[PDB]
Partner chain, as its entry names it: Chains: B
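One chain comes next, on its own, written as structure tokens: the form deposited without the partner chain.
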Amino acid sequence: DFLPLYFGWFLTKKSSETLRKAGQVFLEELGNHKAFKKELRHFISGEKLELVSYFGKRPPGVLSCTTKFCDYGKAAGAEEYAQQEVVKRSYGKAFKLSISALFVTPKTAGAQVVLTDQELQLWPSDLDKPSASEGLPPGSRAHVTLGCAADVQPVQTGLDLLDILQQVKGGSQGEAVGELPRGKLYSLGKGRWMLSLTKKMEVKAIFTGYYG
């Protein structure tokens, strides 16, 4: 009766490959783009950087969008979240996640997920939540991690996303500094980049628990 490592939406073989493939292409295009190389000094400390190798730590199997990290019940609020009706009712159910953008930072590379109202019901409201969630609506950090730097944890991907969103609401994202096939590229500075997709990418996933 102990909880899983974490709850979340796990993409199907099909959707996972599609998103992973898209993420890779983005890292290759972004790494080659001139506006990116122009700011390489703000990306790494101490040219041409292959981002695919930079984000060497990548999800082993299928991609996923985490909701509540439970650490088998050792995480705060893990017990209260798992006992919600909406969680038990939604357990094993199919969902469609809307990917609105892909982003890159010195620490992580991931995809922004925009949760619908029904999906937000499965989002945690635990006491100890990120502080970057000030003014930004709940579920704003929802994301799919695509890769991380060598000494970075995937939990950082949500934090990086919030920081990027915090900058967009302030109107400091500036105007596109380039234009990729799937959409416009934005430079937010300090090594942060955001590809806003012209057309939202829909991925199919199943809500469930991963027990490691």
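Residue numbers count along the first chain shown, from 1.
The deposited sequence places no unmodelled residues between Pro60 and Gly61, so the chain runs continuously there. Set 178 to 186 against 50 to 58 and average the Cα temperature factors; 178 to 186 ends up higher. Higher average CA B factor: 130 to 138, of the stretches 130 to 138 and 71 to 79.
Considering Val168, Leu162, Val144, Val152 together, the PDB entry gives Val168 the largest C-alpha B factor. In this PDB entry, the Cα temperature factor of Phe7 sits in the bottom third of its chain's modelled residues, the lowest group. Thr108: CA B factor lies in the lowest third for its chain, per the PDB record.
Beyond what is shown, the protein has a form deposited with the partner chain bound; the following relates to that form.
Contact annotation for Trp123: none of its heavy atoms lies within 4.5 Å of the partner chain in the entry with it bound. At a distance threshold of 4.5 angstroms between non-hydrogen atoms, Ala94 is in contact with the partner chain in the entry with it bound.
In the entry with it bound, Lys190 stays away from the partner chain, with no heavy atom inside 4.5 Å. With a 4.5 Å cutoff on heavy atoms, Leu11 counts as touching the partner chain in the entry with it bound. Taken together, the three residues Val62, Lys204 and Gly209 all come within 4.5 Å of the partner chain in the entry with it bound, as judged by their closest heavy atom.
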